[PDB]
Amino acid sequence: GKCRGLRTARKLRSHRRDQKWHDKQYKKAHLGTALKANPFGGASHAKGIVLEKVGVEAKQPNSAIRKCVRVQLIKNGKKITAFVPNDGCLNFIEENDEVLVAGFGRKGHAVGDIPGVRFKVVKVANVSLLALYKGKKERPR
Amino acid sequence: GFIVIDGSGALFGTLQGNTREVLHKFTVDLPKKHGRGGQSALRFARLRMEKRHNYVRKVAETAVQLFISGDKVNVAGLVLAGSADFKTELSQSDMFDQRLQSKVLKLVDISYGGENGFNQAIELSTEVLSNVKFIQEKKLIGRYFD
Amino acid sequence: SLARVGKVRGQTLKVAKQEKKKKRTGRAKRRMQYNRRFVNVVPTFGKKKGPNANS
Amino acid sequence: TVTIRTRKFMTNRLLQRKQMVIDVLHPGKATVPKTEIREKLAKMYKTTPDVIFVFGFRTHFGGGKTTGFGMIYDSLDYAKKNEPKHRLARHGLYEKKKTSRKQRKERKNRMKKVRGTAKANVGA
Amino acid sequence: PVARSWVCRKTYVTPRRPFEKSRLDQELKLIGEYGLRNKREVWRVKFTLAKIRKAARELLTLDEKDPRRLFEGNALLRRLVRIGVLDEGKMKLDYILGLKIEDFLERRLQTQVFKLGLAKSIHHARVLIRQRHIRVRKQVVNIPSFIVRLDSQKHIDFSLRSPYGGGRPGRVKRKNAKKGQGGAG
RNA sequence: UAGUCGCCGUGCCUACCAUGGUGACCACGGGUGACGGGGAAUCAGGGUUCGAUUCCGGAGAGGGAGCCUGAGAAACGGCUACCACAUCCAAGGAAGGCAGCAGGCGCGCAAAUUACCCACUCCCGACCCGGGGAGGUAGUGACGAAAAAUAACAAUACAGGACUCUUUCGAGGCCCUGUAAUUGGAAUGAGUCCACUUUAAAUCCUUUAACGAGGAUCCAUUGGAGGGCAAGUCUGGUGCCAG
Ligand SMILES: [Mg+2]
Ligand SMILES: [Mg+2]
Ligand SMILES: [Mg+2]
Ligand SMILES: [Mg+2]
Ligand SMILES: [Mg+2]
Ligand SMILES: [Mg+2]
Ligand SMILES: [Mg+2]
Ligand SMILES: [Mg+2]
Ligand SMILES: [Mg+2]
Ligand SMILES: [Mg+2]
Ligand SMILES: [Mg+2]
Ligand SMILES: [Mg+2]
């Protein structure tokens, strides 16, 4: 503070109330455009259909072909590049199957090589992708 | 695609030009009509129709899962199938999607409920899959057996 | 390209896992660990080598 | 090898009876049954064992002490006149009816449905 | 609307730094000494201590001759002297800051039993206690954590209903006696 | 100012006069993913966010409106309309509202058995006698809290360490600590399971006979091992490929 007056409570509080908005994160929390724009709409997971398999190329120093997958959500209809992680797990993901998608730990921010891919697959057809990779369970056919 | 319903159990299967495929099948323990007499029998048909509709909800959910793709069908045709008016509840149900009602290709009755009935419902389809060589074969070999 | 999916994990040699003596558990296991820290060894000169330090 | 002291004993002037928590000592064995307990209190209290109704014993953990509440009524006629239905069916001399509560309710509404003489025909 | 309590809380708090090498050392030293099952078991003690130090500061911070401070301090003192940590001559809440966890861990029953010598090891002592082998003033004790007051410390001995006590042998001697007897004939 | 209504005071309403009232001390208007409070989470001290939710107060039973009956209702498990939606007809007609309990459809990432009882607590009624999906009791339930098993001991070897001894290496063992698929018997539930108790009738738990453990095979997991960050330069495969 600078006005250390005994009766400037109002003037102070007002000033604070104006400047909280210049903080980028508060504005992020309280204006709705971010929450609405986010397809997750303040959610951890979201279900969606696989419609095509895509090999997105990595950024520099690194060099790799990341295996992503174009899902279309049911509730909104928005389109997402959900990335499948680990080794040999893509042969499992068949086309036209429901997968539960989650975030990527960054709250609206791209991560490393995969440019603009904030989402990863957890399940396939009520079957944990982990269980398929480990070999505990099998795909129902 | 093909959905096959029965009080016994369901079955889902696809159909290429020549090849016939099977996607999924399942069971549900829907308890039967006798259930419990005297006390329940009068209010049995009402509770049972609710439970049958719940089975219908599960079948409906499978058709959305399969035949819908972002509220838009990816597979071209969808042949619903069942006996005792199972398919009609699936057709007219509100869970069944409207963009899909636009493209309801056909509903088909069967007996016993299953793969042979799935095949028969294809035979009722026949005229619907006129472009397919499988249908032209079905018709030609039908005359050859005649 | 999408040709190379699942190459290496597969081509590696699927070796069967060998059997081992079951490890002690619980309170007793923690006791043993304490003992391997303090009560067994005696003071030694220099820098201490790690538990799994092999060479 | 049983021993029995009394606890919180009291003289009720309004039912003219005595009531007390029976502190038992019973090392090395299960909760002793009520039939024997009643005969033995009967001989304890110089009263017939017909009237002594005792209940709610609970053996403590460790196993050398149960605790159950007890009271002794002046007559059989007065006790039967003014005693719980569940506490007689404990023994069997009384026996509650075994018609389920929902079936009584369904009876009530089924009788509630029809007017007139058919009421008699309502019961089966 | 229901007839229930729903009053419960966590009894402990985890440490703020997870991989202090000195901390790991300390928890292991104390484990080795007293035969505990895990680290939570200690930390819940750390929580009780946290409560004690925080209240102790509150009374020291109050003005002297506060009737609240005197009564509350003397009650805390009653509990500590009863357990028999501080001496009744020694009772004054400044010494609580010069005070350590080991004195409270000393009055656990597994330790007090090994110190008494009636158990070979501290771990054996634990196995006995959990095996319901011993009693205290006609009360069977299943729980090793039981804080023993000084009054009830002296009266520990074997139980009468026990294979070790004057009673029937346990399940294994039942098997070894029945099996060995059958081996005889 | 004078009346109307109303149980009274008042633009509550009617008529006649006067022309006032609020505003940078943020009115007015718009928003609120806002029923309120008692409280919860977090914390050095200051503070920050949350609080539909078992206690209190408010409002509401498809949408709005209107009313009889009553001490008390603008009642919704009472009526009458219009609107929205639904059910049968012999064609004239009939009947409707789970934001009560169970259960169900639908939405979804997302949520339980159409169970038993007035025996406890209280309530209603003309009541010593009736009723109570309020309530209680069981079933499911890894939202979470408390305690606590999955081995302990001895004797033999060995490696070591305080002792005597020994030039070291070794020797003597009152002392030990650890280890050794080397033996030795001692001890337990979990469970199985007679019998009571429990309790409305049961169940669970506590007590108790009889089986129930030597690798006490009655097989404890999840994540990690360059740094951040406790912890393999061990071995084999791949070679900017896969990850
Ligand atoms: Mg308050
Ligand atoms: Mg309230
Ligand atoms: Mg209020
Ligand atoms: Mg309302
Ligand atoms: Mg109404
Ligand atoms: Mg109703
Ligand atoms: Mg009502
Ligand atoms: Mg509703
Ligand atoms: Mg009652
Ligand atoms: Mg209820
Ligand atoms: Mg790090
Ligand atoms: Mg390290």
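First to last, the sequence lines map onto chains XX, ii, ee, YY and JJ.
All you need for the entry's author numbering is the position in the first sequence, starting with 1, plus 1.
All you need for the entry's author numbering is the position in the second sequence, starting with 1, plus 146.
All you need for the entry's author numbering is the position in the third sequence, starting with 1, plus 77.
All you need for the entry's author numbering is the position in the fourth sequence, starting with 1, plus 3.
All you need for the entry's author numbering is the position in the fifth sequence, starting with 1, plus 1.
Every residue, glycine too, gets a C-beta built ideally from N, C-alpha and C.
Within 8 Å, strictly: CB atoms of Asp243 of chain ii and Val210 of chain ii: The residue labelled residue 243 of chain ii in the question sits at position 97 within the second sequence. The residue labelled residue 210 of chain ii in the question sits at position 64 within the second sequence. If you check the CB distance, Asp243 of chain ii and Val210 of chain ii come in under 8 Å.
Local Cβ density within 10 Å of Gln140 of chain JJ, reported as buried at 16 or more and exposed below that: For the purposes of this step, residue 140 of chain JJ is taken as residue 139 along the fifth sequence, with counting starting at 1. Burial call: exposed.
Short Cβ contact (8 Å threshold) for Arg70 of chain JJ with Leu60 of chain JJ: Numbered from its first residue, the fifth sequence carries residue 70 of chain JJ at position 69. Numbered from its first residue, the fifth sequence carries residue 60 of chain JJ at position 59. Yes, they are a contact pair.
Where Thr9 of chain YY sits in the DSSP three-state scheme: Translated into positions along the fourth sequence, residue 9 of chain YY becomes position 6. Under the three-state reduction of DSSP, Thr9 of chain YY is assigned to strand.
Alpha-carbon spacing of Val123 of chain XX relative to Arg107 of chain ee, whole angstroms: Within the first sequence, numbered from 1, the residue matching residue 123 of chain XX stands at position 122. Within the third sequence, numbered from 1, the residue matching residue 107 of chain ee stands at position 30. For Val123 of chain XX and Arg107 of chain ee, the distance between alpha carbons rounds to 36 Å.
Start and end residues, beta strand (DSSP E) containing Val55 of chain XX: As a first step, residue 55 of chain XX is located in the first sequence; it is residue number 54 there, counting from the start. From DSSP, the beta strand (DSSP E) with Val55 of chain XX extends over 46-58.
Within-8 Å CB hit, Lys139 of chain JJ to chain YY: In the fifth sequence, residue 139 of chain JJ corresponds to position 138, counting from 1. Chain YY, which has a Cβ nearer than 8 Å to the Cβ of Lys139 of chain JJ, makes this yes.
Presumed contact (8 Å Cβ cut-off) between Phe291 of chain ii and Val150 of chain ii, rounded CB distance: Here the question's residue 291 of chain ii lines up with position 145 in the second sequence. Here the question's residue 150 of chain ii lines up with position 4 in the second sequence. That belief does not hold up - the Cβ atoms of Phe291 of chain ii and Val150 of chain ii are roughly 26 Å apart, past 8 Å.
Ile102 of chain JJ versus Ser23 of chain JJ - alpha carbon distance: The count along the fifth sequence starts at 1 and reaches residue 102 of chain JJ at position 101. The count along the fifth sequence starts at 1 and reaches residue 23 of chain JJ at position 22. Looking at the two C-alpha atoms, the distance is approximately 17 Å.
Beta-carbon proximity check, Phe213 of chain ii vs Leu246 of chain ii, cutoff 8 Å: Here residue 213 of chain ii is taken as the residue at index 67 of the second sequence, counted from 1. Here residue 246 of chain ii is taken as the residue at index 100 of the second sequence, counted from 1. Yes, the Cβ-Cβ distance between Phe213 of chain ii and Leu246 of chain ii is below 8 Å.
Element boundaries [beta strand (DSSP E), containing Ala120 of chain JJ]: The sequence position of residue 120 of chain JJ within the fifth sequence is 119, counting from 1. Secondary structure note for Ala120 of chain JJ: it is in no beta strand (DSSP E), with a DSSP letter that is neither H nor E.
CA-to-CA distance, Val70 of chain XX to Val82 of chain ee, given in whole angstroms: Numbered from 1 along the third sequence, position 5 holds the residue referred to as residue 82 of chain ee. Numbered from 1 along the first sequence, position 69 holds the residue referred to as residue 70 of chain XX. Each residue's alpha carbon lies about 14 Å from the other.
Proximity test, Cβ basis, 8 Å: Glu95 of chain XX and chain ii: For the purposes of this step, residue 95 of chain XX is taken as the residue at position 94 of the first sequence. No, its Cβ sits nowhere closer than 8 Å to a Cβ of chain ii.
Extent of the continuous alpha helix (DSSP H) to which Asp175 of chain ii belongs: Sequence index remark: in the second sequence, residue 175 of chain ii carries index 29 (1-based). Bounds of any alpha helix (DSSP H) do not take in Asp175 of chain ii, whose DSSP letter is neither H nor E.
Element boundaries [beta strand (DSSP E), containing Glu99 of chain XX]: Walking along the first sequence from the start, residue 99 of chain XX turns up at place 98. 99-103 is the span of the beta strand (DSSP E), which, as asked, contains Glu99 of chain XX.
Backbone CA spacing between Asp231 of chain ii and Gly153 of chain ii [nearest angstrom]: As a first step, residue 231 of chain ii is located in the second sequence; it is residue number 85 there, counting from the start. As a first step, residue 153 of chain ii is located in the second sequence; it is residue number 7 there, counting from the start. Each residue's alpha carbon lies about 11 Å from the other.
Below-8 Å beta-carbon distance, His134 of chain JJ vs any chain ee residue: Along the fifth sequence, read from residue 1 onward, the residue named residue 134 of chain JJ stands at position 133. No, no contact with chain ee.
Among JJ:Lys93, JJ:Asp67, JJ:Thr62, JJ:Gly171, nearest to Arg79 of chain JJ - alpha-carbon criterion: Taking the fifth sequence and counting its residues from 1, one reaches residue 79 of chain JJ at position 78. Of JJ:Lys93, JJ:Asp67, JJ:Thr62, JJ:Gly171, the residue nearest in Cα terms is JJ:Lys93.
contact_flag[the stretch 27-35 of chain YY, the stretch 121-131 of chain ee] where n(CB pairs < 8 Å) is 3 or more: Output reads no: the stretch 121-131 of chain ee does not touch the stretch 27-35 of chain YY.
Supposed close pair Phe147 of chain JJ, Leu110 of chain JJ - CB separation, criterion 8 Å: Looking up residue 147 of chain JJ in the fifth sequence gives position 146. Looking up residue 110 of chain JJ in the fifth sequence gives position 109. The C-beta distance from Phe147 of chain JJ to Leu110 of chain JJ rounds to 5 Å, short enough to fall under 8 Å.
Whole-angstrom distance between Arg203 of chain ii and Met241 of chain ii, CA atom to CA atom: As a working note, residue 241 of chain ii is residue 95 in the second sequence. As a working note, residue 203 of chain ii is residue 57 in the second sequence. C-alpha separation (whole angstroms): 7 Å.
CB contact flag (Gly71 of chain YY, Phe60 of chain YY, <8 Å): The residue you call residue 71 of chain YY lines up with position 68 of the fourth sequence. The residue you call residue 60 of chain YY lines up with position 57 of the fourth sequence. The Cβ atoms of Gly71 of chain YY and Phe60 of chain YY sit closer than 8 Å to each other.
For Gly228 of chain ii and residue 1 of chain XX, the rounded distance between their alpha carbons: Residue 1 of chain XX lies beyond the stretch modelled for chain XX, which goes from 2 to 142, so this question has no answer here.
First through last residue of the beta strand (DSSP E) which encompasses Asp158 of chain JJ: Counting from 1 along the fifth sequence, the entry for residue 158 of chain JJ is found at position 157. 157-159 is the span of the beta strand (DSSP E), which, as asked, contains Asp158 of chain JJ.
With 16 other Cβ atoms within 10 Å as the buried cut-off, status of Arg127 of chain JJ: In the fifth sequence, counting from the first residue as 1, residue 127 of chain JJ sits at position 126. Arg127 of chain JJ is buried by the Cβ-count criterion.
Any chain JJ beta carbon closer than 8 Å to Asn129 of chain ee: Along the third sequence, one-based indexing puts residue 129 of chain ee at 52. Not closer than 8 Å to any Cβ of chain JJ, the Cβ of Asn129 of chain ee fails to qualify, so no.
Rounded Cβ spacing between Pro40 of chain XX and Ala47 of chain XX (contact assumed at less than 8 Å): Numbered from its first residue, the first sequence carries residue 40 of chain XX at position 39. Numbered from its first residue, the first sequence carries residue 47 of chain XX at position 46. Going by Cβ atoms, the distance from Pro40 of chain XX to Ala47 of chain XX rounds to 7 Å, so yes, they are a contact pair.
Within 7 Å of chain ii by C-beta, residues of the stretch 38-58 of chain XX in sequence order: Taking 7 Å as the Cβ-Cβ cut-off against chain ii, the residues of the stretch 38-58 of chain XX that qualify are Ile50, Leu52.
Beta carbon of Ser257 of chain ii nearer than 8 Å to that of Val225 of chain ii: Here the question's residue 257 of chain ii lines up with position 111 in the second sequence. Here the question's residue 225 of chain ii lines up with position 79 in the second sequence. Not a contact, by the Cβ cut-off of 8 Å.
Backbone secondary structure at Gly183 of chain ii - three-state DSSP: Here residue 183 of chain ii refers to the residue found at position 37 of the second sequence. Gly183 of chain ii: coil per DSSP, three-state reduction.
Close Cβ partners of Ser237 of chain ii (< 7 Å) along its chain, the five nearest in sequence each way excluded: In the second sequence, counting from the first residue as 1, residue 237 of chain ii sits at position 91. Its chain contains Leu226, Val250, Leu253 as the residues whose beta carbon lies nearer than 7 Å to that of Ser237 of chain ii, once the 5 sequence neighbours on both sides are disregarded; these appear in chain order.
Rounded Cβ spacing between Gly49 of chain XX and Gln73 of chain XX (contact assumed at less than 8 Å): Start at 1 with the first residue of the first sequence, and residue 49 of chain XX comes out as number 48. Start at 1 with the first residue of the first sequence, and residue 73 of chain XX comes out as number 72. Their Cβ separation, rounded to whole angstroms, is 6 Å, which keeps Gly49 of chain XX and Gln73 of chain XX in contact under 8 Å.
According to DSSP, residues forming a beta bridge with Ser129 of chain XX: As a working note, residue 129 of chain XX is residue 128 in the first sequence. When DSSP reads this structure, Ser129 of chain XX sits in a beta bridge with XX:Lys124.
Beta-carbon spacing of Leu119 of chain JJ, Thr112 of chain JJ below 8 Å: Sequence index remark: in the fifth sequence, residue 119 of chain JJ carries index 118 (1-based). Sequence index remark: in the fifth sequence, residue 112 of chain JJ carries index 111 (1-based). Cβ atoms of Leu119 of chain JJ and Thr112 of chain JJ: not closer than 8 Å.
Members of the stretch 87-112 of chain XX that neighbour chain ee once the beta carbon cut-off is set at 7 Å: Listed in sequence order: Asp88, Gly89, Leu91, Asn92.
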